[PDB]
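What follows draws every value from the coordinates through simple rules; no lab data is involved. Reconstructed Cβ throughout: ideal geometry from the backbone, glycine too, with neighbour counts over all protein chains shown.
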Amino acid sequence: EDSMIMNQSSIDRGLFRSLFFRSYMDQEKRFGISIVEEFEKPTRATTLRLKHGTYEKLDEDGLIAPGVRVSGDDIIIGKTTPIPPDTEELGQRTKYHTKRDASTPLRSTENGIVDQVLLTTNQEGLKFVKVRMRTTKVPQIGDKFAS
Amino acid sequence: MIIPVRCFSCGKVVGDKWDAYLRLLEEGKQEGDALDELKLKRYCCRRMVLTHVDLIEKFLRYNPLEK
Amino acid sequence: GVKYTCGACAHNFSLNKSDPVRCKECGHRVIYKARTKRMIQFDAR
Amino acid sequence: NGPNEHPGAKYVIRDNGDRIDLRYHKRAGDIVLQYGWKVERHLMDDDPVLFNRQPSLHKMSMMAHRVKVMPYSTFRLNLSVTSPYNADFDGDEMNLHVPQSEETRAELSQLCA
Amino acid sequence: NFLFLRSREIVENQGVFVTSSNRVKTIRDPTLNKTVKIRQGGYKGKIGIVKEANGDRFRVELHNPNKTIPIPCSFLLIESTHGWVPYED
Amino acid sequence: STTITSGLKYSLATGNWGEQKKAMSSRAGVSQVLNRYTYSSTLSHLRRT
Amino acid sequence: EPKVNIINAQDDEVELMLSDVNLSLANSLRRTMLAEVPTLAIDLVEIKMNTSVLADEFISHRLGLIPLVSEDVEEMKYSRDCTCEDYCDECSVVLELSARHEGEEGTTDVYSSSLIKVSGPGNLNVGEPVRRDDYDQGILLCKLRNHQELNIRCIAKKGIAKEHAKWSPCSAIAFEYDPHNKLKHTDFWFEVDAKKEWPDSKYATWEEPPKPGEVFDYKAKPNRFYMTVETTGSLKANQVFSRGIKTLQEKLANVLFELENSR
Amino acid sequence: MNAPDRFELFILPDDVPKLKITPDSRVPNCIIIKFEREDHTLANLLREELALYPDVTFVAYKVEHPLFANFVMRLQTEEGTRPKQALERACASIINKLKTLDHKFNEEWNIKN
Amino acid sequence: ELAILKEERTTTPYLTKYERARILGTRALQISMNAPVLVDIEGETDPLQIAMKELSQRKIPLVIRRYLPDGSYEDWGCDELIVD
RNA sequence: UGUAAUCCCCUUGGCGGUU
Ligand SMILES: [Mg+2]
Ligand SMILES: [Zn+2]
Ligand SMILES: [Zn+2]
Ligand SMILES: [Zn+2]
């Protein structure tokens, strides 16, 4: 019924093995005269409503570095947007939420190696990043082939 | 992209015969005679060298990203 | 604090999260991060 | 065994309806089960499940099979049932629906088998 | 020692009644997100990162394939500033 | 200068061949994202009617 | 009762004829040589720098397929059976590769001859990548241009071809019996005449063709088997044959011990 | 994603016995043997060796599924002989055959070296 | 009024497959909710299997109420309906 | 004793896969 049998040893030797790249884009938006988004590693204290993933793979500038293995739901771009502070200045020792998280997580079903990170400026002069992820896909039961 | 180390079907090592194959073809030998001179009997091995396309010579023409 | 590489002349430098995104010597607008210093291991399979 | 080891469970539901998530519980071994609670265990062998392929032209396009857990990422069928489903293995996909009650399990095993 | 029991059967005070607890009967992982190396088992010498640290069963994602595996604490070597250290970090 | 620039860019970006405020009743799908899955697919896409 | 007769012998291939053995024994020997003789192959790659145009895992896969000399692999232990923390010298071999291109013109080829053995078991002849001669450069691994460098450290472990095809010592084992089809084990497709439409076997001269008046013999069994064992250079042909026999013996002895200890 | 580890083809778990024997009561003097982490290599060898013994009246084996590394063998001997003794005799006989084969190959290789 | 007397019951005396499935499901659910079991259990543990064992022995304590189109109904005990 | 986190558009259009 249109199935086929493949040699496992040929697959081990590199038959029909391929390479997969996926790129992610993000940029800093401008909402007003001094309301800008920032690429940064958000902290559990100064930001609220964080993603359930892990932020420990981000660098100081909020961007992951190439060569780092990533898994699903990991944060590859760290971005925060400002929020008007609440009355928490009552008795909080500077530990009050002023920013909201807008980070970009890796897709839940995908994982791989960070291949190349690009940082530049858009037409408007704001920061603009692109992250490319690389993985290898080996043939297995269910993959589609054709003559 | 670059000559495979092992033949997919059986597993003979063909990765060390690319340079010799090119040298033989340079001297005017036919492809069949060149493959015979390298002791590639089974056609499963012969297709590996015969149908290989060398793309790394095109990737190397781009300026390296670091220095 | 973190290294960067220019996209044209491949010149290494660093930024302090306040400099304009630009290569210091050729003024290119596209720069790349440098590879991590962690260990990278593969299963050779 | 927890939600990562097969056979395992994902939730424990008390009588009042509260759900205990076993991923975020640090004292899973310190849980005692009382009669009448529900355990959302993993799918196991010989569980009846409804199996379906679109378009569902006739009533033989939805039939209930018995689960057998296997490696790799494809559903597997005896080839005799590829006729009622009008299915072949050149890329077709099929839908699986899990009953969630004793009554529904009995209906699947006694009517749609 | 006071417990505030509420029952739908009781109508008085919307079922709320106070009863002492003595008169009733019942009816931060410091190795998380750290590079680790495996020293025993079928994954000897593979670098990973610890993801789950409930207890005595650590979930470590492997850098070599794209998968995450459970592993006992005794099988790990946590990286430090001076080489590899066994499970005493 | 924004009129022509925005009109051309919008029509080429979205594929709706017309003015931005007359998106309905305009011929859609004229402009498509180039298929770069393989070389033959790109060549086929560039010669499609 | 079993007999062996060698036709051709070389360091890399032996062509021999087995006789007075069952077909099952010969096939089990072939299967054991193909997928159950332990060899040594690179199993972990630590990439300290790779600025070449090839992906890191591309080069890792290529490295794993390079055959390494596995003569004394019996003395070596399996990685999972070694009580040592991390890897010691008795369960792993460490090779290191460092390649670089100097000058602003030309292309540098990275060969398997550049793999240098750093550490391994004492006085055991294992780990060195296989070379055809003293002047054979070996398997082409990568290519580099100016300012591209490859600096890696590889660890070789002992395994069998069941786990991954890179540990297989043999390439292709030709196997053949009954060239003249006296046993009628196959039925020959044909258009006009089946005799002149099918090429003769390469061992057809080693057996007398059936007589025209001969009747079918229902009491006969396959008795002589012709098989050629080709190796990748990690192990010699005689070593492959002998170690396949020894592996089969060990498997049967393990079964026997299990039976005797079951009671 | 769901692909099992390759070492599970030959590495035996601690709790799994290598060799489980259960009697077959439907016919006299018959046993069913379940080999774990084995395949046609050992099975066919044992089967064709045992088929030649005059006191073995039935021997067969099957691999239930290619995705699981085990096989099950059915053996049934005469009244005088216990089947397990026949299995041991088969193992020892094949070992002797392999030993003499190795000796003869070594002699021939030394002669033709 | 709406109930039909036992002497004048005219529906089929057999357990239809829908009634069998519904009875088995309800009995299995009730057993899973710690209802008393009316048959001896040898080694069975599945509620559905216990329900089937009860049904085979005509020990299920349930009543089928079959609704006629006009609204009248017949009450049949599961112990008096013939099961195949 | 310092104790770790839970959340996601909509509309549209195109391109596809299985019949
Ligand atoms: Mg189809
Ligand atoms: Zn070949
Ligand atoms: Zn520059
Ligand atoms: Zn060791």
Grab the DSSP H runs of chain A that are 4 residues or longer, score each as -39,500 (n - 2.57), total them, divide by all residues and round the 222 nm result to the nearest 500 deg cm²/dmol. -500 deg cm²/dmol
Just to confirm my numbers, what's the Cα centroid distance between the range D:1-79 and the range A:6-26 in Å? 32
Over the whole of G:131-139, what's the average partner chain Cβ count within 10 Å per residue? Rounded to a whole number, please. 2
Long-range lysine pairs (8 or more apart or interchain), the range G:39-165, Cα under 28 Å: 14
What does a probe at D:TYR24 reach in the range A:24-57, counting residues whose amide N is under 15 Å from the point 7 Å along Cα→Cβ? A:49-54
Report, by chain and number, residues whose modeled amide H sits under 5 Å from the one on G:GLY159, excluding near sequence neighbours (fewer than 5 apart, same chain). G:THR39, G:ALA41
Using the 2.2 N^0.38 Å rule of thumb for compact globular proteins, work out how chain C stacks up: its C-alpha Rg over that value, please. 1.46
For G:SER98 and C:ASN12, what is the calculated FRET efficiency with R₀ set at 30 Å and r taken between the beta-carbons, to the nearest 0.05? 0.90
Using only the Cα atoms of the protein assembly as shown, each taken as one equal point scatterer with no solvent, compute I(q) by the Debye sum, divide by I(0), and report log10 of the ratio at q = 0.05, 0.06, 0.09 Å⁻¹. -0.47, -0.67, -1.32
Taking I:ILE31, D:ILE20 and counting other beta carbon atoms within 10 angstrom, the fewest-first order is D:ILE20, I:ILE31
How far apart, in nanometres, would the label points at A:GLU1 and H:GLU88 be if each is projected 7 angstrom from Cα along the Cα-to-Cβ direction? 4.9
Quick one: I:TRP76, G:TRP189, fewest Cβ neighbours within 10 Å first, how do they rank? G:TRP189, I:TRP76
Cα convex hull of the range A:1-94: how many Å³ per residue? 201
Please give the average number of partner chain Cβ atoms lying within 10 Å of the Cβ of each residue in A:56-67, rounded to a whole number. 4
Work out the P(r) tail for the range G:39-165: percent of alpha carbon pairs separated by more than 17 Å, whole number. 58
In Hz, Karplus ³J(HN,Hα) per residue of the range A:82-89 (6.51, -1.76, 1.60; θ = phi - 60°; x = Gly, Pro): x, 9, x, x, 8, 7, 5, 5
For chain F, longest principal axis from Cα atoms; helix F:2-14 axis from its Cα atoms; angle between them, nearest 10 degrees, is 40
Over 22 Å apart: what share of the alpha carbon pairs of chain H falls there, rounded to a whole percent? 46
Which FRET efficiency value, to the nearest 0.05, is calculated for D:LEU33 and D:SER101 with the Förster distance at 22 angstrom and r the Cβ-Cβ distance? 0.70
Along each of the three principal axes of the Cα atoms of chain G, give the extent in whole Å, ordering the values from largest to smallest. 78, 60, 30
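If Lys and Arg each add +1 and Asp and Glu each add -1, what is the summed charge of the other residues whose beta carbon sits under 10 Å from the beta carbon of D:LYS38?
Numbers: positive: D:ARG14, D:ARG19, D:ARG41; negative: D:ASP15, D:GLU40.
So the environment of D:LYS38 carries a net charge of +1.
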Using a simple spin-label model with points 7 Å from Cα along the Cα→Cβ vector, what separation in nm is obtained for H:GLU36 and A:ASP73? 3.4
Non-local amide H neighbours of A:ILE83 (under 5 Å, H modeled in plane, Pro and chain starts lacking H): which ones? A:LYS99, A:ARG100
Mean projection of the alpha-carbon convex hull of chain E over all orientations, in nm²? 11.3
Length-normalised contact order for chain H - Cα pairs under 8 Å, 6+ apart - percent: 23
Can you bin every Cα-Cα distance in the range B:1-66 into 5 Å intervals starting at zero and give me the percent of pairs per bin, rounded to whole numbers? 3, 16, 26, 22, 14, 8, 5, 3, 1
Other chains' Cβ within 10 Å of F:34-47 residues: what's the mean? 0
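Note the per residue figure in Å³ for the convex hull of the C-alpha positions in the range D:8-75.
Here the figure is 169 Å³ per residue.
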With axes computed from alpha carbons, what is the tilt in degrees of helix D:102-111 against the longest principal axis of chain D, rounded to the nearest 10 within 0 to 90? 20
Cα-only Debye scattering, the range G:137-194: base-10 log of I(q)/I(0) at q = 0.12, 0.17 Å⁻¹: -0.68, -0.89
The rounded separation in angstrom of the Cα centers of the range E:45-80 and the range G:213-255 is 44
Residue by residue, what Karplus-based ³J(HN,Hα) values in Hz, rounded to whole numbers, does the range G:196-204 have, using 6.51, -1.76 and 1.60 with θ = phi - 60° and x for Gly and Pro? 8, 9, 10, x, 6, 5, 5, 10, 5
Mean Cα-pair separation over length for the range B:1-66, i.e. relative contact order, pairs under 8 Å, 6 or more apart, %: 41
Which ³J(HN,Hα) values, rounded to whole Hz and listed in residue order, are derived for the range D:77-89 from phi using the Karplus coefficients 6.51, -1.76 and 1.60 in 6.51 cos²θ - 1.76 cosθ + 1.60 with θ = phi - 60°, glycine and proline given as x? 10, 5, 6, 6, 8, 6, 7, x, 7, 6, 10, 9, 9
Taking the Cα atoms of the range I:13-63, what is the range of coordinates along each of the three principal axes, in descending order and whole Å? 31, 19, 16
Here the residues of the range D:14-37 lying in the modelled label zone of E:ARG6, meaning backbone nitrogen under 18 Å from a point 7 Å along Cα-to-Cβ, are D:15-19
Over the range A:1-142, what is the relative contact order in percent, taking alpha-carbon pairs closer than 8 angstrom and at least six residues apart? 31
Which distance in nm do the two modelled labels at G:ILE7 and H:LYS104 give, with both placed 7 Å along the Cα-to-Cβ direction? 1.7
Given H placed on each backbone N at 1.01 Å, which residues far from H:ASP24 in sequence or on other chains put an amide H within less than 5 Å of it? H:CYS30, H:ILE31, H:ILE32
With no solvent and one point on each alpha carbon, what is the Debye value of log10 I(q)/I(0) for the range G:154-263 at q = 0.16, 0.23 Å⁻¹? -0.95, -1.29
Ranked from highest to lowest mean number of other Cβ atoms within 10 Å per residue, what is the order of the peptides H:102-108, B:55-61, E:37-43? E:37-43, H:102-108, B:55-61
